[PDB]
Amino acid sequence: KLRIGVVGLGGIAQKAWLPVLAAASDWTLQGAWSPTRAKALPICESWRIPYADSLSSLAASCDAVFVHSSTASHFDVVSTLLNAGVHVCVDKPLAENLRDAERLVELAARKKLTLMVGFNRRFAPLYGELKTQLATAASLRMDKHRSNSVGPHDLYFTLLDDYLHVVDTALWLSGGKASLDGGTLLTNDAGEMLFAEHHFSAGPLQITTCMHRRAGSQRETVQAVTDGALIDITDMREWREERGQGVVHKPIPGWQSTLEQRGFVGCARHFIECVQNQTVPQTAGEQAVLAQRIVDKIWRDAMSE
């Protein structure tokens, strides 16, 4: 059975990327570490888990590790772990720099290790169920808004830290083969992201990614207009479809965690399985920098006009 390590304080991890390891079957949680040797000691004790004192040890005694620390650190962390011959699964941004990412993708292969990005969304039960229905899709629009989170970081940061999630999911749902027709980027006076919306075209299918940081509501939705059906998904939890017989709400499994709905579980499992079976992850190599390449293409333009 594999030993798994976790890198990632507890801001978010404690909520999902931690109770998700409260499974234990086929693999074990072999300790965890984080840069803030302080706000991590408590959770390690409260959860009864080994607290590595340095990334060196944590890597030493692990076969694979989930990295959920700051996006700025992702590169170094993954870079260190990979060099320790450890399998890694990094959170959304591979590295806050396109090249740096293409390099980790090289290192990982060049060292017969598996490196995949944690696109929990490609593992949400409802998004996967939808993907097997968009065969005759004509319109696909995804929204992810924040009530009031005009993040202290600049546009660049928020693009790789939030919008990337929308682009990733949208492109994965369309079959990964769209073009960037147009869109917009709105920032306040502080150069901070306020809004973002773009349009893609995968043949006849029209894709739309949309995000607003001050919409007075934290909602996430996916709308699909296909031939014979109209499907809508709210918060990866609600599923409504119309097939000419009235609006139908798919039943929500009585005992299902939110960590399973967002695709966290399925992502971990698919990571753990690829290690053993020694297979290529769904989000590795090209699939790990894809959407990032697009997000980058946009920024490269919205910073020249």
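Start at 1 with the first residue shown and count on from there.
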Quick one: say whether 261-269 or 37-45 has the higher mean Cα B-factor in the deposited entry. 37-45
Stretch exceeding the other in mean C-alpha B-factor - 204-212, 104-112: 104-112
According to the Cα B-factor stored in this entry, which of the following is highest: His74, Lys144, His198, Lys177? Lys177
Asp189 - which third its CA temperature factor falls in, relative to the rest of the chain: highest
State the tercile, meaning the lowest, middle or highest third, of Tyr51 with respect to the CA B-factors recorded for its chain. highest
Looking at the temperature factor on the CA atom of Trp255, which third of the chain's modelled residues does it land in? highest
Classify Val248 as lowest, middle or highest third according to the C-alpha B-factor given in the PDB entry, relative to its own chain. lowest
Comparing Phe66 with the other modelled residues of its chain, is its CA B-factor in the lowest, middle or highest third? middle
